[PDB]
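What is reported rests on the model, the rules as stated and the sources as named; none is laboratory data. FYI the Cβ positions are ideal-geometry reconstructions off the backbone, even for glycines, and counts take in every protein chain you see.
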Amino acid sequence: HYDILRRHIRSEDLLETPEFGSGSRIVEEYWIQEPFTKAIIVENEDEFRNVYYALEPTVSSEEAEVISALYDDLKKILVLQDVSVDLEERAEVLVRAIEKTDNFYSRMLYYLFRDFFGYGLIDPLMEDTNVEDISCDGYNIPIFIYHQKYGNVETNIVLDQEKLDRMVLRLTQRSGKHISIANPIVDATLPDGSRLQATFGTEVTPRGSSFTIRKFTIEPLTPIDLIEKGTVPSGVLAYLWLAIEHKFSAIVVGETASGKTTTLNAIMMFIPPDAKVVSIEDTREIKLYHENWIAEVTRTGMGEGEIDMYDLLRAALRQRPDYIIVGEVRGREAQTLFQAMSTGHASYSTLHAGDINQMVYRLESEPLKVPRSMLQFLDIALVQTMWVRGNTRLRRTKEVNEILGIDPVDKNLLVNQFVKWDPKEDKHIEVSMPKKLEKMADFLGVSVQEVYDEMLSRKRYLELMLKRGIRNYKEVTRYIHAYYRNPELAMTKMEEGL
Amino acid sequence: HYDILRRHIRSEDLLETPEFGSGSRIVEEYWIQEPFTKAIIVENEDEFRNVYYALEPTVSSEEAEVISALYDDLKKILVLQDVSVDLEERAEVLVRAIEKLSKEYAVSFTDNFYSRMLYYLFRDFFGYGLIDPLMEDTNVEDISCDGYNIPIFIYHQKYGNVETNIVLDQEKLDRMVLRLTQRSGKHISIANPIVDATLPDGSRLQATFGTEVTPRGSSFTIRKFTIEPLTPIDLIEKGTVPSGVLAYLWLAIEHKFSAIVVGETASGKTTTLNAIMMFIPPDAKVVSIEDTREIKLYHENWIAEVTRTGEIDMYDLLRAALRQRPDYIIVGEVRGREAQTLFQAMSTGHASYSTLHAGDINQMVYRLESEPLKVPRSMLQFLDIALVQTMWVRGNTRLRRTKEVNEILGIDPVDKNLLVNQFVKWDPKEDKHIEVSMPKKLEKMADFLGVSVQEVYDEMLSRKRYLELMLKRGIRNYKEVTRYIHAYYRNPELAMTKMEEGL
Amino acid sequence: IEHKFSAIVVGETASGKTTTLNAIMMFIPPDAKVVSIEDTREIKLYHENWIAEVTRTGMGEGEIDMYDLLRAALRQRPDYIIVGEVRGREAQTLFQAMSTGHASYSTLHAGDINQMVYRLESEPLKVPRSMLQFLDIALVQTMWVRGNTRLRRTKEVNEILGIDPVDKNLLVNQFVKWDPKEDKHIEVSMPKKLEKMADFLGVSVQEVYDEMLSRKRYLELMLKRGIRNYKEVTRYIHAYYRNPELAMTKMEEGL
Ligand SMILES: Nc1ncnc2c1ncn2[C@@H]1O[C@H](COP(=O)(O)OP(=O)(O)NP(=O)(O)O)[C@@H](O)[C@H]1O
Ligand SMILES: Nc1ncnc2c1ncn2[C@@H]1O[C@H](COP(=O)(O)OP(=O)(O)NP(=O)(O)O)[C@@H](O)[C@H]1O
Ligand SMILES: Nc1ncnc2c1ncn2[C@@H]1O[C@H](COP(=O)(O)OP(=O)(O)NP(=O)(O)O)[C@@H](O)[C@H]1O
Ligand SMILES: [Mg+2]
């Protein structure tokens, strides 16, 4: 959208500078869509809070209706709104059509685009990858957002009745729905691939029409990342890399906000480049730099057929995939998962609990109701934690539990604890042997020492990526995919900064 | 409504002075809505009791007949009797229409009889008719009309149960019920004679039609809805909840502990929830789902969702809202299916709060676990606090009191019993709340912060002091209270100083 | 009854249950709002602020049972609730009403507190064991015959003290017992409930005990003066409620 534009423009010194009266300090400033929009994070000494200010090329009140006029005509051009047309061409017409200062030109095309190809009033928010949530509550209420770093902050964008009503139609339409007083609520998904709740009128929202947008922008923490944060030691990560390659199933358990999903997504970047993976989640959260992958998302059924995790797994496990990822088990679908395990599908997921005992309880009891005897097919179960002191915010893998199996005439769940985390020294201690490594020698058909050797090898590879500052997930997945293809060549490039 | 009327009034002094024979002595008088209505608590000393007298602008057998005459014509107009229309403009469609009928029939009334007839037309058109005065008087909390020819009884905020002078006969009462019923979107009739609805303003209605299931005639009962939200200060001042418990709750909702306030129907459950819901941190994202708009908050980043009875239910809205990233979710009252969903929101990290109809905590568990709600036992663990409201009655006094505060620790490993801790219990005897123990939830907070339990506790006392300072300074209204609380959030010490320093 | 202690009248068929209930229901405070739910009218009350609700058979319309009627009555948050006789599900709602402070009264077909407990706990009634604690008093009515000697007597006045943790459960203190050999009512324990009244009222026991003896005198006087009718009786009782002083004097001065 902006590359096609930003060239058709003439000037480059568009948009002036911000002017905030006293008590309105400027915390930070950064670009969004240079050189059009820029965002400024202002403070406000009185109310210890920061505020998000959305900057766009300032215009004249004469240029107002002027630009709103050039638009009143370009609107009656069906060949513009048509999405069937590639944006590259569509733009051209708008330009040519506009032919019928060398600075006012550019600082104008911006809008003409922001309203035909952009998202309008909220484009600055849709484009900024720091804003992961947009909340337009009601008529004449300043929009709020969730900043990647600032969190909840008020915004300089407000929409009066009509301005918002049309906004809600714009979003609703681009998402492919027809919100009306007859169907005032829409829970669809925008083209950019984002979750949009929307309400028209005031029948359900006395505070007027409204909308919310949860942007899938994430930037998933990486295995290397976990090593840096001291969350999981490099050696444990290698053990998992192997485990994951061999299809040992794992569940990440932990108190709410302790790290479960992050860790999962992190270690899910260890999946073999060619393996077919299918994921089922209630809402997108998992980012993977993997191709042969199908992502399935649950359906609310607000106004259609409700398709839950159970429905989605049952028909996915049917495509007989290699790896199966279930966002988090919160019910019935849990049975199907363990069934998938008993069958050899490398299955992974999350579970809200504090220790293996709670894990077992939740899994066995309704709603999950996973049969006691099925637990044997789970291989590893990690336990994540949050640890705090000063502003000391720590997320750690409290423990790496190896589920050995079931016992006949028992207590049942046989667990061998490999790694334990001591908080007193913030250290991970080996408190038993990694038995699973033995099951690998059996799979692979080699000796333990041999496997142990590869672990130490894979371990080195990770510590190197760390030293070389290879943090991003896209780049990390590339170097791991690398190692899978040819560990020899992979290792050498790593040691030779390439 | 009346400010509009007070405009066109065209005069004042429309009320005379009642004639209560001996064996009757005025105890107190007061405008309900001057210069039209006025309440006069009269003491029939022979029967040693009082008797609420709704006083309205006087009219003669001839006058009322004339009034009723205009009503018949004006009745033709639909606009003025249409709810979707702005009271203000249809209030003129009325005066501008009475102008017509007047000048046309070539007649000019008295400046007074106008500022009297006008009152009645607005009343029977826009207001609540015969019971409007009761529906207005801020002191009446309940209105109870037992049947044909039986005097309406009300509950006066100061005299409690009292006999009223307003009496509806069959013809009048049946209309009254149909009107109230219709006015609530619901329908009533001999086919289906019982109705449980809520009036446009929130007041809860319980009507009955004919003598079908209710001999003695049709009947109704209204439980008015206070327009101004009681605040945690109001609650400390009313002896309904200790400032300590309140401070405890402040921290709890700040730290996103999910809680449900339990109680009998009309025990003041919603009122408490709305009060403590003022402790929500300022920038957080609040989403509220209700069947009846009731909760009033001074919180900008909040979307108020409302049920559609036709069709959109709480369940739909709840699961919808849950696909976003709201910080706080308020339900108002879980009555069915969604109760499951609401307990999951808890499970997945959402600060969730709601009202529930039950008397004990035992009954809470039972009502939760069984149909229609059907919440699995393993899920209750995710509820943090459970308050219990009670409306204690002794003589001509009613006391809404937080009868008990419970903490849900967890689920016992044996028999999977709910681990609960009742740290505060009310005592009807001395009307004193008692701390049977210290909150165990304080440790969960300490960890979530990395501070010692001792450190959290002192923070509590601080907020507690802040609350009592606000009280002592007479800061009661919700907008201003919310304002001062949001402050303590932004900066505590600066907030404390300014409090004890008069600013 | 004034203090809202809930009571159930139990007894064999035709022993007097309903009569006794209706009788003692004439002790309800003149201004209190009372709602009654019955399968068929039987209760007569000389009370104004009262709503009488009657069940619907549904012969050709919508069937509305006692459950439906109570559930929406207890909703009007009344002072006193009267249920003709509990014969099922609606019994749960009643005891719920009790646990909540609604002075609730009703009848139950049974011969002794043991049968009462069984019937109430078991289906169709199925009232949860733990809820029984909210019932205050339970009277037991009887029929006694010899020659043409037709007698209806309150066999016993049982005070339900409460529940026991780790128990047998229903704690009952028997206040009065009826000896048929001499046709006399014997006190076989103290009226504990009078103590709960001192606590409610905020006075001493002796004080309450005094009022009892007072109210007792008032009744024996109405008797001596032949004030039998319910309309007239309810008037003199309503009287005493308004002003016991003035009430007592008129009584002693045949007016
Ligand atoms: N190891 C870590 N180091 C630093 N921050 C982390 C770490 N793990 C998670 N976080 C952050 O902590 C927050 C917690 O979310 P996350 O831990 O992903 O979900 P969760 O609590 O496990 N729940 P779920 O997503 O339902 O499984 C996110 O904002 C993460 O970015
Ligand atoms: N603490 C209080 N002090 C005085 N009046 C109160 C108090 N709390 C509530 N009320 C009033 O009591 C009535 C009860 O209202 P509310 O709390 O909304 O209902 P509820 O107990 O939730 N019952 P329901 O509406 O049946 O679910 C209202 O008229 C309130 O204004
Ligand atoms: N104390 C009494 N003295 C004389 N006759 C009585 C007395 N109590 C009841 N009766 C009469 O005995 C008959 C029994 O009816 P009643 O005792 O009212 O009902 P019940 O058997 O208790 N059943 P129910 O009405 O379903 O509770 C009636 O005709 C009454 O008039
Ligand atoms: Mg409520």
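At-a-glance table
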{"read-out": "Single residue of B:479, B:444, B:464 found to be closer than 18 Å to residue B:245 by Cα and more than 14 Å from chain A (Cβ to nearest Cβ)", "value": "B:464"}
{"read-out": "Any chance residue B:188 is closer than 27 Å to residue B:5 by Cα, more than 12 Å from every other protein chain (Cβ to nearest Cβ) and among the β-branched types (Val, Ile, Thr)", "value": "no"}
{"read-out": "Residue list for the stretch C:87-137, restricted to those being of a type outside the set (A, V, I, L, M, F, W, C), touching a strand residue (DSSP E or B) at 6+ places or on another chain (Cβ under 7 Å) and either within 16 Å of ligand 4 (Cβ to nearest atom) or within 12 Å of another protein chain (Cβ to nearest Cβ) (or both)", "value": "C:101, C:102, C:133"}
{"read-out": "Some residue of the stretch B:243-261 being touching a helix residue (DSSP H, G or I) at 6+ places or on another chain (Cβ under 8 Å) and within 14 Å of ligand 4 (Cβ to nearest atom)", "value": "yes"}
{"read-out": "Pairs, first of a type in the set (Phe, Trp, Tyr) in the stretch B:64-75, second surrounded by 12 or more Cβ atoms within 10 Å (Cβ to Cβ), C-beta under 9 Å, six or more apart", "value": "B:71/B:120; B:71/B:121; B:71/B:124; B:71/B:125"}
{"read-out": "Failed item, numbered, when residue B:250 is tested on (1) under 19 Å from residue B:487 (Cα atoms); (2) of a type in the set (A, V, I, L, M, F, W, C); (3) within 16 Å of ligand 2 (Cβ to nearest atom)", "value": "(3)"}
{"read-out": "Elements of type helices (runs of 4 or more DSSP H) contained in the stretch B:452-503, each with 1 or more residues being in the same structural domain as residue B:275 (by CATH), in contact with a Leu (Cβ under 7 Å, 6 or more places away or on another chain) and crowded, with 17+ Cβ neighbours inside 10 Å", "value": "B:453-472, B:492-500"}
{"read-out": "Qualifying residue in the stretch B:413-421 (condition: closer than 30 Å to residue B:494 by Cβ and of a type outside the set (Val, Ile, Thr))", "value": "no"}
{"read-out": "Residues being basic (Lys, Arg) and over 24 Å from residue A:237 (Cα atoms) - total across the stretch A:269-300", "value": "2"}
{"read-out": "One residue from A:409, A:329 being part of a loop (DSSP other than H, G, I, E, B), within 14 Å of chain B (Cβ to nearest Cβ), more than 16 Å from ligand 4 (Cβ to nearest atom) and among the hydrophobic types (A, V, I, L, M, F, W, C)", "value": "A:329"}
{"read-out": "When residues of the stretch C:217-250 are limited to those that are in a loop (DSSP other than H, G, I, E, B) and on the phi < 0 side of the Ramachandran plot, the one farthest from the other protein chains (Cβ to nearest Cβ)", "value": "C:228"}
{"read-out": "Subset of the stretch B:223-253 that is crowded, with 19+ Cβ neighbours inside 10 Å and among the polar types (S, T, N, Q) - its residue that is nearest to residue B:148 (Cα to Cα)", "value": "B:240"}
{"read-out": "Residues within the stretch A:30-79 that are touching a strand residue (DSSP E or B) at 6+ places or on another chain (Cβ under 7 Å) and aromatic (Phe, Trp, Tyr), tallied", "value": "4"}
{"read-out": "In the stretch A:102-113, residue nearest to residue A:193 (Cα to Cα) [restricted to those that are out of contact with any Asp or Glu (no Cβ under 8 Å at 6 or more places or on another chain) and in a loop (DSSP other than H, G, I, E, B)]", "value": "A:105"}
{"read-out": "From the options A:1, A:8, residue that is part of a loop (DSSP other than H, G, I, E, B) and in contact with a helix residue (DSSP H, G or I) (Cβ under 6 Å, 6 or more places away or on another chain)", "value": "A:8"}
{"read-out": "Where a residue in the stretch B:236-247 is more than 10 Å from residue B:460 (Cα to Cα) and within 14 Å of chain C (Cβ to nearest Cβ) and its partner, wherever it lies, is of a type outside the set (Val, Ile, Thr) and within 16 Å of ligand 1 (Cβ to nearest atom), with Cβ under 6 Å and at least six apart", "value": "none"}
{"read-out": "Number of positions in the stretch A:212-236 that are assigned by CATH to the domain that holds residue A:148 and of a type in the set (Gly, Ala, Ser)", "value": "0"}
{"read-out": "Residue ID - nearest to ligand 2 (Cβ to nearest atom), chosen from residues in the stretch B:254-273 that are surrounded by fewer than 22 Cβ atoms within 10 Å (Cβ to Cβ) and of a type outside the set (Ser, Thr, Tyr)", "value": "B:266"}
{"read-out": "Yes/no for residue A:303 being in contact with a helix residue (DSSP H, G or I) (Cβ under 9 Å, 6 or more places away or on another chain) and surrounded by fewer than 20 Cβ atoms within 10 Å (Cβ to Cβ)", "value": "yes"}
{"read-out": "Complete set of residues in the stretch A:226-268 that are in a helix (DSSP H, G or I), in contact with a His (Cβ under 9 Å, 6 or more places away or on another chain) and within 14 Å of ligand 1 (Cβ to nearest atom)", "value": "A:236, A:260, A:268"}
{"read-out": "Leading residue by the ranking (surrounded by the most Cβ atoms within 10 Å (Cβ to Cβ)) among those in the stretch B:205-222 that are assigned to a strand (DSSP E or B) and at the interface with chain C (Cβ under 7 Å from one of its Cβ atoms)", "value": "B:219"}
{"read-out": "Filter result for residue A:190 (within 20 Å of residue A:171 (Cα to Cα), surrounded by fewer than 22 Cβ atoms within 10 Å (Cβ to Cβ) and hydrophobic (A, V, I, L, M, F, W, C))", "value": "yes"}
{"read-out": "Residue match in the stretch C:184-199 (condition: within 14 Å of chain B (Cβ to nearest Cβ) and touching a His at 6+ places or on another chain (Cβ under 9 Å))", "value": "yes"}
{"read-out": "Which listed residue is more than 14 Å from chain B (Cβ to nearest Cβ), hydrophobic (A, V, I, L, M, F, W, C) and not in a strand (DSSP E or B), from A:363, A:375", "value": "A:375"}
{"read-out": "Every residue from the stretch A:114-169 that is part of a loop (DSSP other than H, G, I, E, B), more than 9 Å from every other protein chain (Cβ to nearest Cβ) and among the small types (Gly, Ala, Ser)", "value": "A:118"}
{"read-out": "Test result for residue B:199, crowded, with 17+ Cβ neighbours inside 10 Å and under 21 Å from residue B:273 (Cβ atoms)", "value": "yes"}
{"read-out": "Tally, over the stretch B:428-451, of residues that are over 30 Å from residue C:101 (Cα atoms) and either part of a loop (DSSP other than H, G, I, E, B) or of a type outside the set (A, V, I, L, M, F, W, C) (or both)", "value": "7"}
{"read-out": "Unmet requirement for residue B:296, which otherwise passes all of (1) part of a loop (DSSP other than H, G, I, E, B); (2) more than 8 Å from chain A (Cβ to nearest Cβ); (3) touching a strand residue (DSSP E or B) at 6+ places or on another chain (Cβ under 9 Å); (4) within 16 Å of ligand 2 (Cβ to nearest atom)", "value": "(3)"}
